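Peer 1: Take this structure, written in structure tokens, and hold onto it; I'll ask about it next.
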Amino acid sequence: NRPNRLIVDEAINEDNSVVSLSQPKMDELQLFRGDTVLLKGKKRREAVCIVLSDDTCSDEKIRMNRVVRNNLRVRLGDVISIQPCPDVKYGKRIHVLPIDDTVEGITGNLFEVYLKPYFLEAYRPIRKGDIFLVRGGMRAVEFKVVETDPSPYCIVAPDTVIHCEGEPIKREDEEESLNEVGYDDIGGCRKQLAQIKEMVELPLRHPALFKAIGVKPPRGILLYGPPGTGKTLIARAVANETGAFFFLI
Amino acid sequence: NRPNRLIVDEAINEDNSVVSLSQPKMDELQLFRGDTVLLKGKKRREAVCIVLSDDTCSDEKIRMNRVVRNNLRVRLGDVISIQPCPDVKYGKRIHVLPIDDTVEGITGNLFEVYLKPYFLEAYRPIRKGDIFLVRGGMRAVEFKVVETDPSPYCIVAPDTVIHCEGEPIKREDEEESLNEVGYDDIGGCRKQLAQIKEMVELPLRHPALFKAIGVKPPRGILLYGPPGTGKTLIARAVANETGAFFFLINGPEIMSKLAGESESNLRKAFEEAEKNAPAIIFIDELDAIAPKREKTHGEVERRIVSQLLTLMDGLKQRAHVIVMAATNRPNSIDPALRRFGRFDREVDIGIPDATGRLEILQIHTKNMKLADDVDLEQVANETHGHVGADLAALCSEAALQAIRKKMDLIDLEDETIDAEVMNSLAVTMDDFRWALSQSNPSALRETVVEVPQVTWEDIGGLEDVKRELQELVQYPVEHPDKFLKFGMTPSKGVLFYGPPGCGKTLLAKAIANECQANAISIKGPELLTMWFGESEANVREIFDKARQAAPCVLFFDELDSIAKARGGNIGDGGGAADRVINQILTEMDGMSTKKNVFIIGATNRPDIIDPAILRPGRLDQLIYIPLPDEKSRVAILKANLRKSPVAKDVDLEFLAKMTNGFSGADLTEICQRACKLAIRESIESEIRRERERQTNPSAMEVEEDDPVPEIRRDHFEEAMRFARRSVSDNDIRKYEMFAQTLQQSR
Ligand SMILES: Nc1ncnc2c1ncn2[C@@H]1O[C@H](COP(=O)(O)OP(=O)(O)OP(=O)(O)O)[C@@H](O)[C@H]1O
Ligand SMILES: Nc1ncnc2c1ncn2[C@@H]1O[C@H](COP(=O)(O)OP(=O)(O)O)[C@@H](O)[C@H]1O
Ligand SMILES: Nc1ncnc2c1ncn2[C@@H]1O[C@H](COP(=O)(O)OP(=O)(O)O)[C@@H](O)[C@H]1O
């Protein structure tokens with residue numbers, strides 16, 4: 001029922017900095033053309049950037065650059081909460097450095113060979129965590145967050161200073177994406193999983209709600225059984241899916 | 001001598017601003033129940049309230065609740081004045097304000113829902129400074145009447161306005177809290193609570209009084225029992241209500257730190273308690289600090305034990321601190337701890353009975369909005385193996401299931417949660433059933449110590465046996481003077497022998513219930529467990545539990561179980577004496593008759609038991625429980641069928657006359673058969689009725705009618721065709737010849 005709760009679907013503009021529109025929806029929003037719209041999804045990672053390079057497709061499904069699925073999302077069928085937040089500050093500039101596929105070949109400055117021809121009159125309305133493709137060549141290389149002089153995201157400008165002293169890395173970021181075990185990874189304990197869910201849903205998903213009442217919560221759980229029955233896996237999946245901070249003692 | 005002041009006492013009526021008084025002292029003060037009356041209180045206050053006339057309260061003590069005893073700044077053991085107030089006034093606008101942090105985490109004009117019903121029709125005589133309190137929606141919060149448009153004290157009238165505003169103000173330091181635990185929070189240990197009260201009232205409430213005399217106080221209390229039986233709750237409530245400074249010494253907290261650090265912490269705690277005299281030192285999990293001396297492996301643990309011993313001895317020589325301890329078993333702690341002067345009196349907290357479980361459930365549901373179908377009597381009667389905190393977890397599970405059924409399914413995308421939805425939550429019977437069945441581990445597996453619910457009416461026949469047992473049990477304990485007058489020591493044991501199924505167990509339960517005495521039934525499985533495990537020492541603490549529950553009926557069901565496992569009639573080449581039976585004999589010889597702990601033994605094979613247990617002074621009375629005759633069988637059937645609804649067409653006299661030589665438990669098996677056939681008939685009728693009309697697609701076609709709510713004579717006839725003769729006639733002949741050979745033997 002939430003108006004800005006709408007699916008996201010295929011995208012065709014290979015540049016991630018573009019975010020779609022839906023004129024019937026734009027009338028609902030105040031979506032203005034400029035730097036940024038805050039399109040909010042899962043895990044707090046967003047794809048914030050210039051807007052309105054769409055309305056080619058049908059409505060009820062926002063076109064968002066597929067590269068903002070691995071980030072900000074997982075798969076199709078998801079939903080975006082698009083709400084404008086244009087006119088960001090203009091700090092120094094946003095980091096410039098590649099991550100994986102640039103050490104393979106001539107490196108030079110890692111900015112003025114392949115990436116420079118893209119921060120042109122669209123000076124990176126971004127949000128740290130927006131990952132995309134940008135090159136001056138084979139057209140498949142990532143652009144990741146490394147540094148942060150301004151905490152909030154900004155719109156870069158020339159005359160600034162950048163240091164590509166940083167080195168491209170491994171997929172620490174790709175491994176980070178591959179984590180957070182879930183209930184789909186639990187089998188053979190469906191009744192036990194449901195019991196754990198009904199035990200830990202109220203204390204974790206509703207902390208203030210339970211703080212309002214004066215009932216005693218279940219604060220001790222004894223998962224006992226043969227070794228290798230997924231006890232730590234069950235605990236990790238429950239903590240990750242419910243959002244509770246998991247400490248592996 | 002100036003009967004204008006009066007003593008304080010607790011209250012059975014919980015409604016605020018209400019009291020109850022002796023009936024004759026209504027003309028003395030010369031005022032009536034409805035007559036609103038003002039009552040004085042120190043620090044220069046007086047609070048007005050309604051009056052009432054009762055009897056249970058003495059002619060010298062008032063009854064009241066913690067709220068007024070808080071605003072009046074007075075505890076029990078004190079005395080105040082009183083005065084009628086026929087000059088009372090109708091309270092106009094008298095502003096109130098939510099005075100606590102409890103206001104935290106809430107929203108809405110809760111004033112309306114909490115107050116308007118609370119004040120409605122109550123004619124609450126209210127004065128300034130009132131700190132009244134009201135409870136709803138899983139929460140309990142109060143208010144203070146800050147303004148009195150007419151001052152100082154007035155009545156409430158429905159017309160009176162409420163401009164309900166203000167910001168939660170800060171309670172001063174003078175007042176206190178009701179969350180602090182009190183005796184109202186203790187259930188299942190009423191006798192134990194009274195014992196603790198009579199132990200700690202003089203040392204704490206009267207420190208200078210006891211300092212005047214030179215008697216030795218009880219400065220060591222050993223609260224032992226199963227974990228979760230409210231030992232720390234009992235200690236906290238006793239310390240808070242009596243005003244003694246409570247220091248929660250935790251065994252893990254003590255010996256969690258370094259050895260020197262642990263000893264320093266113990267010394268600092270004892271010094272602080274001595275400085276805050278009168279104070280209560282409570283040591284839960286004392287076995288952790290103080291294990292058995294032969295068992296404490298680490299030298300650090302022994303050093304900590306000795307440090308605790310020295311600190312408590314220093315309290316004994318020069319202090320005013322009462323030390324309390326909690327442990328699973330009294331023997332688990334060091335025997336040096338229980339030395340005289342250190343831990344003189346040990347209080348067996350034990351387990352709550354059906355009434356105790358009911359009290360605990362009522363305590364835990366006091367602030368819980370629960371429906372009318374809860375029938376906590378039925379829950380408590382069903383609840384077995386749950387002690388204290390087990391029932392607390394049961395109530396918490398029921399509440400959590402109700403919340404997961406309501407919140408997780410109702411308020412998802414509508415709007416943020418407010419107070420209206422949470423205060424509308426209600427706990428149903430299904431939640432309690434689910435908590436009982438699926439989500440409750442019963443931590444109790446040892447012997448039960450409670451007054452059994454089986455009465456004389458639950459037993460059919462055996463009138464002569466009933467009378468003889470009533471004599472042998474009640475007369476020593478109900479008329480001790482008569483026994484002392486004659487030169488005969490009362491008997492402390494009786495043996496029940498006869499065919500199995502005649503109700504020896506019920507005889508013991510009924511004689512325990514008639515005397516209102518706890519019954520500890522040690523069945524044959526327990527005796528065989530002690531025999532096979534080669535642990536005869538368990539009888540020692542069994543008898544200790546029986547003695548601590550005085551008056552108690554120590555029942556030994558199937559006393560011949562060990563003699564039957566170790567061979568039959570003649571058995572092996574060995575004798576009849578057994579190690580567990582021997583320990584029972586030793587304990588009975590060591591048991592004083594005055595301790596009014598009666599030992600009842602049931603033997604289905606009296607000829608195989610050792611005659612040493614039949615020696616005079618232990619089980620000299622051999623009461624024969626004969627196979628029920630016609631009248632006894634009729635009475636047994638009447639007693640059994642009182643629970644199961646049976647149709648009036650049943651003919652109990654005829655059924656008894658068919659059942660020749662049938663035992664009582666065989667008649668209950670007769671109901672098992674017939675009553676179960678009735679249950680199966682009802683179930684099959686229900687399922688066939690469900691299946692028959694599902695084919696017809698009729699929107700309105702319901703021929704609702706109960707198939708049968710009772711048990712007809714057809715079920716009993718089918719049971720007769722199924723159930724057969726009770727026992728072999730040879731066994732009955734053996735019992736009758738044993739009865740004929742009650743003397744001229746050995
Ligand atoms: N019930 C299960 N369902 C799916 N995978 C399981 C299950 N139990 C164990 N595994 C898998 O076993 C692997 C190793 O087990 P893991 O390290 O999670 O410990 P664990 O099985 O929880 O151990 P323990 O029983 O000793 O606590 C993991 O890849 C985990 O996914
Ligand atoms: N007899 C009782 N009546 C009411 N509540 C109880 C009782 N026994 C235990 N509880 C509840 O159990 C909780 C913890 O029990 P606790 O006092 O720690 O038991 P123990 O002292 O035996 O360890 C307390 O919050 C208390 O409310
Ligand atoms: N005389 C009786 N009157 C009423 N009920 C009886 C009587 N005798 C036995 N019962 C009930 O029938 C069942 C069978 O009795 P049982 O316990 O075998 O007797 P005993 O304990 O003497 O062996 C018991 O559960 C008991 O509650």
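Residues are referred to by chain and number: the chain letter is A, B, ... according to the order shown in the structure tokens, the number counts from 1 in that chain, and ligands are numbered separately from 1 in the order shown.
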If you take only C-alpha atoms and a cut-off of 10 Å, which residues of chain B touch chain A, and what are their nearest atom pairs and distances in Å to one decimal, in chain and number order, as JSON lines?
Peer 2:
{"residue": "B:102", "atom": "CA", "partner": "A:212", "partner_atom": "CA", "distance": 9.2}
{"residue": "B:103", "atom": "CA", "partner": "A:212", "partner_atom": "CA", "distance": 9.9}
{"residue": "B:104", "atom": "CA", "partner": "A:212", "partner_atom": "CA", "distance": 8.0}
{"residue": "B:105", "atom": "CA", "partner": "A:212", "partner_atom": "CA", "distance": 5.5}
{"residue": "B:106", "atom": "CA", "partner": "A:212", "partner_atom": "CA", "distance": 7.1}
{"residue": "B:137", "atom": "CA", "partner": "A:213", "partner_atom": "CA", "distance": 8.2}
{"residue": "B:138", "atom": "CA", "partner": "A:213", "partner_atom": "CA", "distance": 5.6}
{"residue": "B:139", "atom": "CA", "partner": "A:213", "partner_atom": "CA", "distance": 6.1}
{"residue": "B:140", "atom": "CA", "partner": "A:214", "partner_atom": "CA", "distance": 9.1}
{"residue": "B:364", "atom": "CA", "partner": "A:215", "partner_atom": "CA", "distance": 9.7}
{"residue": "B:367", "atom": "CA", "partner": "A:214", "partner_atom": "CA", "distance": 8.9}
{"residue": "B:368", "atom": "CA", "partner": "A:215", "partner_atom": "CA", "distance": 9.1}
{"residue": "B:392", "atom": "CA", "partner": "A:216", "partner_atom": "CA", "distance": 8.4}
{"residue": "B:393", "atom": "CA", "partner": "A:216", "partner_atom": "CA", "distance": 7.6}
{"residue": "B:395", "atom": "CA", "partner": "A:215", "partner_atom": "CA", "distance": 8.9}
{"residue": "B:396", "atom": "CA", "partner": "A:215", "partner_atom": "CA", "distance": 6.1}
{"residue": "B:397", "atom": "CA", "partner": "A:217", "partner_atom": "CA", "distance": 8.7}
{"residue": "B:399", "atom": "CA", "partner": "A:215", "partner_atom": "CA", "distance": 7.8}
{"residue": "B:400", "atom": "CA", "partner": "A:202", "partner_atom": "CA", "distance": 7.7}
{"residue": "B:401", "atom": "CA", "partner": "A:198", "partner_atom": "CA", "distance": 8.1}
{"residue": "B:403", "atom": "CA", "partner": "A:202", "partner_atom": "CA", "distance": 8.2}
{"residue": "B:404", "atom": "CA", "partner": "A:202", "partner_atom": "CA", "distance": 7.2}
{"residue": "B:407", "atom": "CA", "partner": "A:202", "partner_atom": "CA", "distance": 9.4}
{"residue": "B:408", "atom": "CA", "partner": "A:202", "partner_atom": "CA", "distance": 8.8}
{"residue": "B:413", "atom": "CA", "partner": "A:1", "partner_atom": "CA", "distance": 7.9}
{"residue": "B:414", "atom": "CA", "partner": "A:1", "partner_atom": "CA", "distance": 9.1}
{"residue": "B:417", "atom": "CA", "partner": "A:209", "partner_atom": "CA", "distance": 8.1}
{"residue": "B:418", "atom": "CA", "partner": "A:209", "partner_atom": "CA", "distance": 9.6}
{"residue": "B:419", "atom": "CA", "partner": "A:212", "partner_atom": "CA", "distance": 9.3}
{"residue": "B:422", "atom": "CA", "partner": "A:213", "partner_atom": "CA", "distance": 8.7}
{"residue": "B:423", "atom": "CA", "partner": "A:213", "partner_atom": "CA", "distance": 9.8}
{"residue": "B:438", "atom": "CA", "partner": "A:195", "partner_atom": "CA", "distance": 9.7}
{"residue": "B:439", "atom": "CA", "partner": "A:195", "partner_atom": "CA", "distance": 8.9}
Peer 1: How would the residues just chosen look if you wrote them out with N, CA and C atoms as a CSV table (one decimal), in the first residue's frame?
Peer 2:
chain,number,residue,atom,x,y,z
B,102,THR,N,7.9,5.4,34.5
B,102,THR,CA,7.0,4.4,33.9
B,102,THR,C,6.3,5.0,32.7
B,103,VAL,N,6.1,6.4,32.7
B,103,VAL,CA,5.5,7.1,31.6
B,103,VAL,C,6.4,6.8,30.3
B,104,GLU,N,7.6,6.4,30.5
B,104,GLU,CA,8.5,6.1,29.4
B,104,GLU,C,7.8,5.1,28.5
B,105,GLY,N,8.2,5.1,27.2
B,105,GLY,CA,7.7,4.1,26.2
B,105,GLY,C,6.2,3.9,26.2
B,106,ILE,N,5.5,5.0,25.9
B,106,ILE,CA,4.1,5.0,25.9
B,106,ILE,C,3.6,6.2,25.1
B,137,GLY,N,-3.1,-3.1,30.0
B,137,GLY,CA,-2.3,-3.3,28.8
B,137,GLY,C,-0.8,-3.7,29.2
B,138,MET,N,-0.6,-4.8,29.9
B,138,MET,CA,0.7,-5.3,30.2
B,138,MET,C,1.5,-4.4,31.0
B,139,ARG,N,0.9,-3.3,31.5
B,139,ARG,CA,1.7,-2.3,32.2
B,139,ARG,C,0.9,-1.8,33.5
B,140,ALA,N,1.7,-1.2,34.4
B,140,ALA,CA,1.1,-0.7,35.7
B,140,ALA,C,1.8,0.6,36.0
B,364,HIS,N,1.7,-14.1,38.9
B,364,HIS,CA,2.3,-13.7,37.7
B,364,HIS,C,1.3,-13.2,36.7
B,367,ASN,N,-0.6,-8.5,36.7
B,367,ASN,CA,-0.5,-7.4,35.7
B,367,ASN,C,-0.7,-7.8,34.3
B,368,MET,N,-1.1,-9.1,34.1
B,368,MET,CA,-1.3,-9.6,32.8
B,368,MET,C,-2.8,-9.6,32.5
B,392,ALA,N,6.5,-19.0,36.2
B,392,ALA,CA,6.8,-17.7,35.7
B,392,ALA,C,7.1,-17.8,34.2
B,393,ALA,N,7.9,-18.8,33.8
B,393,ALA,CA,8.2,-19.0,32.4
B,393,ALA,C,7.0,-19.4,31.6
B,395,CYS,N,3.9,-18.5,32.3
B,395,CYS,CA,3.1,-17.3,32.0
B,395,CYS,C,3.7,-16.4,31.0
B,396,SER,N,5.1,-16.3,31.0
B,396,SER,CA,5.8,-15.5,30.0
B,396,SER,C,5.6,-16.1,28.6
B,397,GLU,N,5.6,-17.5,28.5
B,397,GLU,CA,5.4,-18.1,27.2
B,397,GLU,C,4.0,-17.9,26.7
B,399,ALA,N,2.0,-15.3,27.4
B,399,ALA,CA,2.0,-13.9,27.0
B,399,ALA,C,2.7,-13.7,25.7
B,400,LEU,N,3.8,-14.3,25.5
B,400,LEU,CA,4.6,-14.1,24.3
B,400,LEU,C,3.8,-14.8,23.1
B,401,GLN,N,3.2,-15.9,23.3
B,401,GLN,CA,2.4,-16.5,22.2
B,401,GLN,C,1.2,-15.6,21.9
B,403,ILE,N,1.1,-12.3,22.2
B,403,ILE,CA,1.7,-11.2,21.4
B,403,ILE,C,2.1,-11.6,20.0
B,404,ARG,N,2.7,-12.8,19.8
B,404,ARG,CA,3.0,-13.2,18.5
B,404,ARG,C,1.8,-13.5,17.6
B,407,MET,N,0.3,-9.1,17.5
B,407,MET,CA,1.1,-8.0,16.9
B,407,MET,C,1.7,-8.5,15.5
B,408,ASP,N,2.2,-9.7,15.5
B,408,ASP,CA,2.8,-10.2,14.2
B,408,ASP,C,1.8,-10.4,13.1
B,413,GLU,N,1.5,-2.9,8.4
B,413,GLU,CA,1.8,-1.7,7.5
B,413,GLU,C,0.8,-0.6,7.8
B,414,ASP,N,-0.1,-0.8,8.7
B,414,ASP,CA,-1.1,0.3,9.0
B,414,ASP,C,-0.5,1.6,9.5
B,417,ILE,N,3.0,1.4,16.2
B,417,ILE,CA,2.3,0.8,17.3
B,417,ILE,C,2.0,1.9,18.4
B,418,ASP,N,0.8,1.9,19.0
B,418,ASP,CA,0.4,2.9,20.0
B,418,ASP,C,0.0,2.1,21.2
B,419,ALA,N,-0.5,2.8,22.3
B,419,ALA,CA,-0.9,2.1,23.5
B,419,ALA,C,-2.2,1.4,23.4
B,422,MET,N,-1.7,-2.3,22.3
B,422,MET,CA,-1.0,-3.2,23.3
B,422,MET,C,-1.9,-3.4,24.5
B,423,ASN,N,-2.7,-2.4,25.0
B,423,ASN,CA,-3.5,-2.6,26.1
B,423,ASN,C,-4.7,-3.4,25.8
B,438,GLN,N,3.8,-27.7,24.8
B,438,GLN,CA,4.9,-27.7,23.8
B,438,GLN,C,6.2,-27.0,24.4
B,439,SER,N,6.0,-25.9,25.1
B,439,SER,CA,7.1,-25.0,25.4
B,439,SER,C,7.3,-24.9,27.0
Peer 1: Apply DSSP to the structure's backbone, then extract all residues of region 69-244 of chain B labelled alpha helix (DSSP H) and return them as a ChimeraX atom specification.
Peer 2: /B:69-71,110-119,190-200,207-212,231-242
Peer 1: Identify, with DSSP run on backbone atoms, the residues in region 91-210 of chain B assigned to strand (DSSP E or B), and express the list as a VMD selection string.
Peer 2: chain B and resid 91 96 to 97 126 to 127 133 to 136 139 to 142 144 to 145 153 to 156
Peer 1: Put those residues in a file: C-alpha atoms, as a short mmCIF file (atom, residue, chain, number, x, y, z; two decimals), in the first residue's frame.
Peer 2:
data_model
loop_
_atom_site.label_atom_id
_atom_site.label_comp_id
_atom_site.auth_asym_id
_atom_site.auth_seq_id
_atom_site.Cartn_x
_atom_site.Cartn_y
_atom_site.Cartn_z
CA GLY B 91 -13.98 16.60 45.11
CA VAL B 96 -3.29 14.56 38.65
CA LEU B 97 -0.10 13.76 36.84
CA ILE B 126 -9.18 11.47 47.77
CA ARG B 127 -6.74 13.87 49.39
CA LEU B 133 -2.01 3.37 40.91
CA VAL B 134 -3.82 1.58 38.08
CA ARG B 135 -2.89 -1.20 35.69
CA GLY B 136 -3.69 -2.09 32.10
CA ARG B 139 1.66 -2.27 32.23
CA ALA B 140 1.14 -0.74 35.66
CA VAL B 141 1.42 3.00 36.27
CA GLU B 142 0.34 5.57 38.84
CA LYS B 144 -0.38 11.86 42.00
CA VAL B 145 -3.27 14.13 42.91
CA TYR B 153 -9.60 15.65 51.03
CA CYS B 154 -12.78 15.15 49.04
CA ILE B 155 -14.96 12.62 47.26
CA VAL B 156 -14.97 11.71 43.58
#
Peer 1: Looking at A:154, A:67, A:169, A:189, which one is nearest to residue 134 (chain A), with distances taken over only C-alpha atoms?
Peer 2: A:67
Peer 1: Within 9 Å of ligand 1 (counting only C-alpha atoms and all ligand atoms), which residues show up? I'd like them as a ChimeraX atom specification.
Peer 2: /A:181,184-189,223-236
Peer 1: Which polymer residues have any atom within 12 Å of an atom of residue 342 (chain B), counting only C-alpha atoms, with same-chain residues fewer than 3 positions away left out, as a ChimeraX atom specification?
Peer 2: /B:216-222,308-317,322-325,334-339,345-346
Peer 1: Using only C-alpha atoms and all ligand atoms, what are the residues with an atom within 9 Å of ligand 3, set out as a ChimeraX atom specification?
Peer 2: /B:454,456-462,496-507,557-558,602-604,625,627-628,632-633,635-640,663-669
Peer 1: For the selection you just gave me, I'd like the residues written to a file as a PDB file, in the first residue's frame, keeping C-alpha atoms.
Peer 2:
ATOM      1  CA  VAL B 454      -7.614 -37.339  47.595  1.00  0.00           C
ATOM      2  CA  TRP B 456     -12.216 -39.910  52.223  1.00  0.00           C
ATOM      3  CA  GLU B 457     -15.077 -39.461  49.753  1.00  0.00           C
ATOM      4  CA  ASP B 458     -12.636 -40.460  46.996  1.00  0.00           C
ATOM      5  CA  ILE B 459     -12.397 -43.917  48.630  1.00  0.00           C
ATOM      6  CA  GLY B 460     -15.226 -46.445  48.614  1.00  0.00           C
ATOM      7  CA  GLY B 461     -15.794 -48.791  51.513  1.00  0.00           C
ATOM      8  CA  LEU B 462     -13.138 -49.773  54.050  1.00  0.00           C
ATOM      9  CA  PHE B 496      -1.220 -51.950  54.600  1.00  0.00           C
ATOM     10  CA  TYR B 497      -1.374 -55.475  53.187  1.00  0.00           C
ATOM     11  CA  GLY B 498      -3.851 -57.078  50.822  1.00  0.00           C
ATOM     12  CA  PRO B 499      -4.676 -57.629  47.155  1.00  0.00           C
ATOM     13  CA  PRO B 500      -3.379 -54.924  44.813  1.00  0.00           C
ATOM     14  CA  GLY B 501      -6.035 -52.475  43.708  1.00  0.00           C
ATOM     15  CA  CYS B 502      -7.803 -51.996  47.050  1.00  0.00           C
ATOM     16  CA  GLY B 503      -6.683 -48.382  47.456  1.00  0.00           C
ATOM     17  CA  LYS B 504      -3.829 -48.432  49.965  1.00  0.00           C
ATOM     18  CA  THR B 505      -2.293 -45.486  48.109  1.00  0.00           C
ATOM     19  CA  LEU B 506      -5.590 -43.618  48.310  1.00  0.00           C
ATOM     20  CA  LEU B 507      -5.852 -44.549  51.987  1.00  0.00           C
ATOM     21  CA  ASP B 557       3.974 -47.796  48.137  1.00  0.00           C
ATOM     22  CA  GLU B 558       4.899 -51.359  47.150  1.00  0.00           C
ATOM     23  CA  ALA B 602       1.738 -50.932  51.266  1.00  0.00           C
ATOM     24  CA  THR B 603       2.631 -54.545  50.461  1.00  0.00           C
ATOM     25  CA  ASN B 604       0.882 -56.727  47.905  1.00  0.00           C
ATOM     26  CA  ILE B 625      -7.093 -54.068  53.250  1.00  0.00           C
ATOM     27  CA  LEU B 627     -11.063 -57.276  48.747  1.00  0.00           C
ATOM     28  CA  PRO B 628     -14.139 -55.013  48.533  1.00  0.00           C
ATOM     29  CA  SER B 632     -17.574 -51.442  49.340  1.00  0.00           C
ATOM     30  CA  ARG B 633     -17.729 -52.011  45.579  1.00  0.00           C
ATOM     31  CA  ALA B 635     -19.151 -47.077  47.263  1.00  0.00           C
ATOM     32  CA  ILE B 636     -16.046 -47.381  45.067  1.00  0.00           C
ATOM     33  CA  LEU B 637     -18.166 -47.093  41.924  1.00  0.00           C
ATOM     34  CA  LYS B 638     -19.980 -44.080  43.379  1.00  0.00           C
ATOM     35  CA  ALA B 639     -16.661 -42.394  44.184  1.00  0.00           C
ATOM     36  CA  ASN B 640     -15.153 -43.113  40.760  1.00  0.00           C
ATOM     37  CA  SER B 663     -10.653 -54.612  43.588  1.00  0.00           C
ATOM     38  CA  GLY B 664     -11.157 -50.860  43.539  1.00  0.00           C
ATOM     39  CA  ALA B 665      -8.497 -50.222  40.915  1.00  0.00           C
ATOM     40  CA  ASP B 666     -10.094 -52.964  38.831  1.00  0.00           C
ATOM     41  CA  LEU B 667     -13.345 -50.986  39.058  1.00  0.00           C
ATOM     42  CA  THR B 668     -11.447 -47.919  37.875  1.00  0.00           C
ATOM     43  CA  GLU B 669     -10.143 -50.088  35.029  1.00  0.00           C
TER      44      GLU B 669
END
Peer 1: Give me, as CSV, the closest atom pair and its distance (Å, one decimal) for every residue of chain B within a cut-off of 8 Å of ligand 2, counting only C-alpha atoms and all ligand atoms, rows sorted by chain and rising number.
Peer 2:
residue,atom,partner,partner_atom_place_in_ligand_line,distance
B:185,CA,ligand 2,4 (C),5.3
B:186,CA,ligand 2,3 (N),4.1
B:187,CA,ligand 2,3 (N),4.1
B:188,CA,ligand 2,1 (N),5.0
B:189,CA,ligand 2,1 (N),6.2
B:225,CA,ligand 2,22 (O),7.1
B:226,CA,ligand 2,22 (O),6.3
B:227,CA,ligand 2,22 (O),4.2
B:228,CA,ligand 2,19 (O),3.2
B:229,CA,ligand 2,22 (O),3.6
B:230,CA,ligand 2,17 (O),3.2
B:231,CA,ligand 2,21 (O),3.2
B:232,CA,ligand 2,21 (O),3.8
B:233,CA,ligand 2,17 (O),4.0
B:234,CA,ligand 2,17 (O),6.9
B:284,CA,ligand 2,21 (O),7.1
B:326,CA,ligand 2,21 (O),7.0
B:352,CA,ligand 2,1 (N),7.0
B:356,CA,ligand 2,1 (N),7.4
B:357,CA,ligand 2,1 (N),7.9
B:359,CA,ligand 2,3 (N),7.2
B:360,CA,ligand 2,3 (N),4.4
B:361,CA,ligand 2,4 (C),7.4
B:363,CA,ligand 2,4 (C),6.0
B:364,CA,ligand 2,4 (C),6.6
B:387,CA,ligand 2,8 (N),6.7
B:388,CA,ligand 2,8 (N),3.3
B:389,CA,ligand 2,12 (O),3.2
B:390,CA,ligand 2,12 (O),7.0
B:391,CA,ligand 2,10 (N),7.4
B:392,CA,ligand 2,11 (C),5.4
B:393,CA,ligand 2,12 (O),7.8
Peer 1: What's the 7 Å shell around residue 130 (chain A), counting only C-alpha atoms, without same-chain residues fewer than 3 positions away, as a tab-separated table (two decimals) with C-alpha atoms, in the first residue's frame?
Peer 2:
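Final file, part28.tsv:
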chain	number	residue	atom	x	y	z
A	46	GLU	CA	21.54	2.47	-2.08
A	47	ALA	CA	22.16	3.55	-5.68
A	126	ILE	CA	26.68	9.31	-5.96
A	127	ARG	CA	26.38	7.51	-2.65
Peer 1: Quick one: everything within 9 Å of residue 114 (chain A), counting only C-alpha atoms, minus sequence neighbours fewer than 2 positions away in the same chain. Send it as a list in words.
Peer 2: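 The contact residues come out as residues 110, 111, 112, 116, 117, 118, 134, 135, 136 and 137 of chain A.
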Peer 1: Can you tell me which residues surround residue 516 (chain B) at a distance of at most 12 Å, considering only C-alpha atoms, apart from same-chain residues fewer than 5 positions away, and format the answer as a ChimeraX atom specification?
Peer 2: /B:450-455,473-474,477-478,508-511,549-553
Peer 1: Could you check how far CA of residue 177 (chain B) sits from CA of residue 74 (chain B), in Å to one decimal?
Peer 2: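 Answer for the CA of residue 177 (chain B) to CA of residue 74 (chain B) separation: 13.3 Å.
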Peer 1: Restricting the calculation to only C-alpha atoms, which member of B:644, B:56, B:381, B:30 is positioned closest to residue 12 (chain B)?
Peer 2: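 Closest residue, counting only C-alpha atoms: B:56.
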Peer 1: Rounded to one decimal place, report the CA of residue 280 (chain B)-CA of residue 183 (chain B) distance in Å.
Peer 2: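 Rounded to one decimal, the two atoms are 16.1 Å apart.
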Peer 1: Could you tell me how far CA of residue 3 (chain A) sits from CA of residue 26 (chain A), in Å to one decimal place?
Peer 2: 11.4 Å
